[PDB]
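Just below is one structure, and these are the notes that go with it.
Please note: Cβ atoms are built from the backbone with ideal geometry, for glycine as well, and neighbour counts cover all protein chains shown. Derivation of every value follows stated rules applied to the coordinates shown; laboratory data play no part.
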Amino acid sequence: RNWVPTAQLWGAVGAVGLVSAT
Amino acid sequence: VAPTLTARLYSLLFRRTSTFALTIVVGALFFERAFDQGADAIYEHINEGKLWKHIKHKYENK
Amino acid sequence: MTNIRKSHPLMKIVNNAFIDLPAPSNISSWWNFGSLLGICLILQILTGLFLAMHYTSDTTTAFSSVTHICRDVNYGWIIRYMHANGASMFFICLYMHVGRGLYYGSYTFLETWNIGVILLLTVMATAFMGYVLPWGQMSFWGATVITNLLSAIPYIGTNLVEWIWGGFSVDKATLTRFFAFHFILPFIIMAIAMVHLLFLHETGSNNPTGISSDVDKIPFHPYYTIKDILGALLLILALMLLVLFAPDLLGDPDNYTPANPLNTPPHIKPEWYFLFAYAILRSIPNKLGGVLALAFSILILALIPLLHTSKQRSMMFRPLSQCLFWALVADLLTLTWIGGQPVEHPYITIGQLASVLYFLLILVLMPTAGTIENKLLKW
Amino acid sequence: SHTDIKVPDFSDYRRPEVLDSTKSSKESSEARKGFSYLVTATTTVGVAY
Amino acid sequence: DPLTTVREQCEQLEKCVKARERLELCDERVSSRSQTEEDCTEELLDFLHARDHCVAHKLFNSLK
Amino acid sequence: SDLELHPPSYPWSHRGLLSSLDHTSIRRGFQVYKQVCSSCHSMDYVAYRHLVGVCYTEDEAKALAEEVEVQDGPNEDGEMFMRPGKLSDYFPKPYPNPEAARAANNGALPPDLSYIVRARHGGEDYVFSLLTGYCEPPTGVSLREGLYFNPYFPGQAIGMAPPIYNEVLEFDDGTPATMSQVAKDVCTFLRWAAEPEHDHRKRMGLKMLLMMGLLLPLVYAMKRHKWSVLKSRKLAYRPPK
Amino acid sequence: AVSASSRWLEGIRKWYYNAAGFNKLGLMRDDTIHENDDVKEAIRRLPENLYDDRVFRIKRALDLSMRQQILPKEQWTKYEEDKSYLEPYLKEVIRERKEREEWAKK
Amino acid sequence: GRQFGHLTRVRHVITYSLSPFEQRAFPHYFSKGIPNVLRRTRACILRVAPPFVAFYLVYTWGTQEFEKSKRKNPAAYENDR
Ligand code: HEC
Ligand code: HEM
Ligand code: HEM
């Protein structure tokens, strides 16, 4: 349900994290 | 009435921890850069002309 | 139970030791040293492995390898300094942990304390070998002087000293051994730390008051995780202040001079953490009497329990105890001062009286003061 | 007997926003969560660096 | 050039003038036997100490 | 058991927590070492890597490096047929090996200057005060010629020729070569050879101080946030009794 | 023959009593002992009032040690009121033990 | 063994507590500490301070002597004679 939205923000976070962090 | 800056910030970004993390990820980025830029500048001001950055002119391209 | 993460995996339940553990409410800030003590040991390890990742354990290279670590390797300079200053912090913390055992009588935890002493002596071995690692003038002569001290033993000593060194001097063999011992020691240490934790988890912490606080317990997670984190911030601040702005300050020894096996350490001495013992040691004329009383300085700790005389395991309500407790701390300070002192009259006569004071305070003064206070209270 | 009970005066410990004996706190506290979580947010972000 | 002037100034202050008297004596108040243990160092060091403390602060504003 | 007048606390340009090295001084002081010192004392950990640490270009120091390999070259290292060019080569050893060294200086062994400031007790204050410190033997004293008398040597003697005298060398720019002016530049180049990381380090200290001035106060807050529950708490005891 | 000397210990005693700060914390001597095996049993023999009361006072005092605040001057234990209420209980406990030890010689 | 419900027995004790969010972390930042910091330091000072004071005298004297006896290279026995 709310998982897509939440999985979408969780996917965002990992992305920007790598990108920046790395 | 309007929400205090905090309350605005709150309901836009912190209610959902997913948004809360995101925020933190992006602020960790933006903040690094200003901190360094500011902090570096500060430092380099205290030792004007003491550091190569200031002194490369003498023997550079004639 | 279903889907209670913590109890589900059995392994994960074992970690609730840091969350759902009953933790005394009242609780000085001298209780963070335990947790700091353990960050220290992880910090060293980390850092260490990294140093070990570019260090060579030979007479020819060792100094060079160190020197290479802090010049051509990227960030190899902080890591090393961070490592060196780390070990000052680990000892600084160490003595705070014990001061508290002494003072609030945490050592009532017979079994937990014992392992504490074991721990304390085990870090001392490690700090004594690693210093040798770089192979600097100071390290080379202190390793000789201290291990030869051991040759005071009458029948064996001599043979012994030679087996330890792996030769008749401290050449390669010796150096290579310290590296390996330095390496594995801390891993052995971590098991102990954890057994230490294990025994304490059966009785809980003591407190300023010195009274049971089961009537007053508090979940570790909510509170104490924040406290620990903050203490770590303060801990890291002291380590970096010292690393970044006062690199060798604390590292008394300036000797960045490769060790020439025939030279003069004007005033050779262990680093700060070992000066007490050193002082203690010089005060005796005879060299065997010095070693035994070097050993006893440190081992005395295993008898504290059996010297406790009062009915209040908490010095907090006992003023004469407090006064001598502090004295011995300042005596202890005084003893560290002697450590960097030339061998001479003034320092000898002072150090002599300070050694006596030090065993008096632990052996005879305090215990009497215990009874006196108990009689005063009509106990 | 259990009715002679009274919750202590908390005025000293509480704050501005929620100190009004007679008014809503629901339209007060919204922010009061945000300030406290703001400190967290920062803390985390700085520590990240 | 620099160093050499500042030094003198330093020894021109009332506490330099005052403790130079212990140098002045010793430098000539040694007897006939010349008791080698009579080495005038002690007294010299004192002077030098005070000279230099001064030197350092002033000498520094003079260099490049 | 002779007093040592080691006390020096030399004024400096990098005495302060935020204070950094002055490379012009570094630059100057390098030449000092190279002309005045290179002769008897080595600097083994010192590569020709001044470029950015000394404001010498890569082309600058390459060329500075090259001549040092042409005249003292790898022929004293064991590269039979080596000449100009290389940059990984370390500062040329005044003599083939220590033992020699002591012969050229008659039993004394000229200390590698690499770490001098960090090694001996007292840092660049003592080094400055040694070089700049040379005074008249004390009434009643005797001295073997090599045993020049120096006011700051432990044993109150040193085997040190005129370390540095006025107009010993000349700098590019024109910096007044005063015994002391030269020493101030020599020490500095020494400080840096002992601790290359001196400038990074202090910049880092700046960023670690600011950061920590934001995290200590934040995290204390966090700590009162939670604890507040307990510290604000009030008790009440109501026996049936 | 103690008339002067043992009528003056009460003065050091009194001085000592308030010197040890438990005084200030709302606590009483009995409530400060070291909780060991004999003391435990003793505590386990306390009547409900007596015993609930120690629990409240340590609950009050540890509360205070957590907050580093001393109780009001008005509300502090006064030496003249030395309820040695544990002493009675504690003694026997010990008394019973010693006997049990003694009976175990031969 | 469970730690939380088996620690002890308590009867008749009511406790009242508030939430973090309704409260302030730092009530009288300085007006409480000052007098609390003052009040406990003044009860510490006497117990604590002394032995450190004494160490300082011993330090001071102790180093004096040293520098004398050694610096006073003539101390032990005079020159003239
Ligand atoms: C050859 C001549 C030189 C030159 C050009 C320099 N030094 Fe110096 N030096 C030399 C010798 C033979 C000795 C040994 C002294 C002894 O054992 O008595 C020294 C000693 C020093 C010291 C003393 C430190 C100590 O041993 O306590 C220092 C600090 C030192 N040398 C530094 C130094 C610097 C900075 C120089 C260039 C400006 C320099 N020396 C030149 C021989 C020689
Ligand atoms: C855990 C307890 C430890 C203590 C008290 C400790 C302490 C020290 C000290 C005091 C030094 C001397 C460095 C100097 O002053 O130059 C040192 C060096 C060294 N340590 Fe550790 N250390 C510890 C753990 C470790 C571990 C776990 C490792 C690796 C697994 C390690 C690897 C090294 C190495 C390779 C050196 C040599 C290079 C150097 O001098 O930095 N140490 N250690
Ligand atoms: C590697 C070294 C050590 C580590 C990692 C370590 C770790 C800890 C930790 C995490 C705690 C719990 C928090 C605290 O009580 O502060 C603790 C408590 C304790 N430690 Fe250690 N410690 C070490 C050394 C010592 C030493 C040297 C001693 C005594 C010689 C000691 C004796 C104690 C005692 C008595 C307690 C419990 C006191 C109480 O809380 O009532 N520890 N230790």
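Which condition does residue C:265 not pass, out of (1) within 16 Å of ligand 1 (Cβ to nearest atom); (2) within 14 Å of chain G (Cβ to nearest Cβ), if it passes all the others?
With respect to (1) within 16 Å of ligand 1 (Cβ to nearest atom); (2) within 14 Å of chain G (Cβ to nearest Cβ), residue C:265 is out only on (2).
So which of G:100, G:60, G:95 is among the charged types (D, E, K, R) and crowded, with 17+ Cβ neighbours inside 10 Å?
When all the criteria are applied, what remains is G:60.
Go through C:12, C:6 for me and flag whichever is assigned to a loop (DSSP other than H, G, I, E, B) and either of a type in the set (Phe, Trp, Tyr) or more than 16 Å from ligand 2 (Cβ to nearest atom) (or both).
C:6 is the lone residue from the list that is assigned to a loop (DSSP other than H, G, I, E, B) and either of a type in the set (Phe, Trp, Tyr) or more than 16 Å from ligand 2 (Cβ to nearest atom) (or both).
Residues of region C:194-210 being assigned to a helix (DSSP H, G or I) and more than 16 Å from ligand 2 (Cβ to nearest atom), which ones?
The answer is C:195, C:197, C:198, C:199, C:200.
Within region B:1-20, can you find the residues that are within 9 Å of chain D (Cβ to nearest Cβ) and assigned to a helix (DSSP H, G or I)?
B:5, B:6, B:7, B:8, B:9, B:10, B:11, B:13, B:14, B:20 - these are the residues of region B:1-20 that are within 9 Å of chain D (Cβ to nearest Cβ) and assigned to a helix (DSSP H, G or I).
Failed condition for residue C:341, given (1) within 14 Å of chain H (Cβ to nearest Cβ); (2) of a type in the set (S, T, N, Q); (3) over 24 Å from residue F:1 (Cβ atoms), with all others met?
(3)
For residue D:13, are the conditions met, namely being more than 9 Å from chain B (Cβ to nearest Cβ), buried (at least 16 other Cβ atoms within 10 Å of the Cβ), out of contact with any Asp or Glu (no Cβ under 6 Å at 6 or more places or on another chain) and closer than 22 Å to residue H:27 by Cα?
For residue D:13, the condition - more than 9 Å from chain B (Cβ to nearest Cβ), buried (at least 16 other Cβ atoms within 10 Å of the Cβ), out of contact with any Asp or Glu (no Cβ under 6 Å at 6 or more places or on another chain) and closer than 22 Å to residue H:27 by Cα - is met.
What about residue B:36, is it part of a helix (DSSP H, G or I), within 26 Å of residue F:198 (Cα to Cα) and within 13 Å of chain D (Cβ to nearest Cβ)?
Yes.
Under 9 Å by Cβ, and 6 or more places apart or on different chains, what pairs join a residue from region F:13-38 that is within 15 Å of residue F:195 (Cβ to Cβ) with one that is within 16 Å of ligand 1 (Cβ to nearest atom) and among the aliphatic types (A, V, I, L, M)?
Here the result reads F:29/F:182; F:29/F:183; F:29/F:186; F:29/F:190, each pair linking region F:13-38 to a residue that is within 16 Å of ligand 1 (Cβ to nearest atom) and among the aliphatic types (A, V, I, L, M).
Residues to consider are C:84, C:143, C:62, C:125; find the one that is among the small types (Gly, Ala, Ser), surrounded by 20 or more Cβ atoms within 10 Å (Cβ to Cβ) and closer than 23 Å to residue C:36 by Cβ.
Every option except C:84 fails the conditions.
Just checking, how many residues over region H:1-17 are in a loop (DSSP other than H, G, I, E, B), hydroxyl-bearing (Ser, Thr, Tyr) and at the interface with chain F (Cβ under 10 Å from one of its Cβ atoms)?
1
Matching residues to (1) under 25 Å from residue C:255 (Cβ atoms); (2) within 14 Å of chain C (Cβ to nearest Cβ); (3) away from ligand 3 (no atom under 16 Å from the Cβ); (4) in contact with a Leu (Cβ under 8 Å, 6 or more places away or on another chain):
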{"residue": "F:55", "(1), (2), (3), (4)": "no, no, yes, no"}
{"residue": "F:59", "(1), (2), (3), (4)": "no, no, yes, no"}
{"residue": "F:71", "(1), (2), (3), (4)": "no, no, yes, no"}
{"residue": "F:79", "(1), (2), (3), (4)": "no, no, yes, no"}
{"residue": "F:88", "(1), (2), (3), (4)": "no, yes, yes, no"}
{"residue": "F:98", "(1), (2), (3), (4)": "yes, yes, yes, yes"}
{"residue": "F:110", "(1), (2), (3), (4)": "yes, yes, yes, no"}
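I'd like to check something: does region F:196-206 contain any residue that is away from chain H (no Cβ under 14 Å), touching a helix residue (DSSP H, G or I) at 6+ places or on another chain (Cβ under 6 Å) and over 30 Å from residue D:39 (Cα atoms)?
Yes - at least one qualifying residue is present in region F:196-206.
Going by what's in this entry, would residue C:236 be described as of a type in the set (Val, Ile, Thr), under 20 Å from the mean Cα position of the chain (by Cα), over 20 Å from residue F:194 (Cβ atoms) and within 10 Å of another protein chain (Cβ to nearest Cβ)?
yes
Could you tell me whether region F:145-161 includes any residue that is of a type in the set (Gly, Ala, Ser), part of a helix (DSSP H, G or I) and either in contact (Cβ under 8 Å) with a residue 24 or more places away in the chain or within 16 Å of ligand 2 (Cβ to nearest atom) (or both)?
No; the residues of region F:145-161 include none that is of a type in the set (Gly, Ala, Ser), part of a helix (DSSP H, G or I) and either in contact (Cβ under 8 Å) with a residue 24 or more places away in the chain or within 16 Å of ligand 2 (Cβ to nearest atom) (or both).
For region F:210-226, does any single residue satisfy the condition of being of a type in the set (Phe, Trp, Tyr) and within 13 Å of ligand 1 (Cβ to nearest atom)?
no
Just to be sure before I move on: is residue F:126 more than 7 Å from every other protein chain (Cβ to nearest Cβ), among the hydroxyl-bearing types (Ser, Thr, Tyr), surrounded by 18 or more Cβ atoms within 10 Å (Cβ to Cβ) and away from ligand 2 (no atom under 16 Å from the Cβ) in the structure I sent?
It is true that residue F:126 is more than 7 Å from every other protein chain (Cβ to nearest Cβ), among the hydroxyl-bearing types (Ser, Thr, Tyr), surrounded by 18 or more Cβ atoms within 10 Å (Cβ to Cβ) and away from ligand 2 (no atom under 16 Å from the Cβ).
Name every residue in region D:21-49 that is assigned to a helix (DSSP H, G or I), of a type outside the set (A, V, I, L, M) and in contact with a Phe, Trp or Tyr (Cβ under 8 Å, 6 or more places away or on another chain), in order of residue number.
Passing the criteria: D:29, D:30, D:32, D:33, D:34, D:36, D:37, D:46.
Quick check on my filter: what residues within region G:22-54 are within 19 Å of residue G:76 (Cα to Cα) and surrounded by fewer than 18 Cβ atoms within 10 Å (Cβ to Cβ)?
G:50
Name the pairs whose Cβ atoms lie under 7 Å apart, with the first residue in region F:96-123 and within 11 Å of ligand 1 (Cβ to nearest atom), the second of a type in the set (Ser, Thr, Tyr) and not in a loop (DSSP other than H, G, I, E, B), and 6 or more positions between them or separate chains?
Between residues of region F:96-123 that are within 11 Å of ligand 1 (Cβ to nearest atom) and residues that are of a type in the set (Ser, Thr, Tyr) and not in a loop (DSSP other than H, G, I, E, B), the close pairs are F:113/F:33; F:120/F:126.
Restricting to region H:18-36, what's the tally of residues that are within 14 Å of chain F (Cβ to nearest Cβ), surrounded by fewer than 16 Cβ atoms within 10 Å (Cβ to Cβ) and polar (S, T, N, Q)?
The total comes to 2.
Out of all the residues in region F:131-141, is one or more within 12 Å of chain E (Cβ to nearest Cβ), at positive phi and part of a loop (DSSP other than H, G, I, E, B)?
Looking through region F:131-141, at least one residue is within 12 Å of chain E (Cβ to nearest Cβ), at positive phi and part of a loop (DSSP other than H, G, I, E, B).
Considering only residues of region F:5-59 that are within 14 Å of ligand 1 (Cβ to nearest atom) and charged (D, E, K, R), which is surrounded by the most Cβ atoms within 10 Å (Cβ to Cβ)?
Residue satisfying both the conditions and the ranking: F:28.
Check whether at least one residue in region C:20-27 is part of a helix (DSSP H, G or I) and either more than 16 Å from ligand 1 (Cβ to nearest atom) or within 14 Å of chain G (Cβ to nearest Cβ) (or both), and report yes or no.
No, region C:20-27 has no match at all.
Go through region E:1-39 residue by residue and tally those that are within 7 Å of chain F (Cβ to nearest Cβ) and under 29 Å from residue F:178 (Cβ atoms).
The number of residues fulfilling the criteria is 4.
Kindly indicate whether residue C:120 is within 16 Å of ligand 3 (Cβ to nearest atom) and either buried (at least 16 other Cβ atoms within 10 Å of the Cβ) or within 14 Å of chain G (Cβ to nearest Cβ) (or both).
For residue C:120, the condition - within 16 Å of ligand 3 (Cβ to nearest atom) and either buried (at least 16 other Cβ atoms within 10 Å of the Cβ) or within 14 Å of chain G (Cβ to nearest Cβ) (or both) - is met.
Taking region C:138-172 as the region of interest, how many residues are part of a loop (DSSP other than H, G, I, E, B) and in contact (Cβ under 8 Å) with a residue 24 or more places away in the chain?
Counting residues in region C:138-172 that are part of a loop (DSSP other than H, G, I, E, B) and in contact (Cβ under 8 Å) with a residue 24 or more places away in the chain gives 5.
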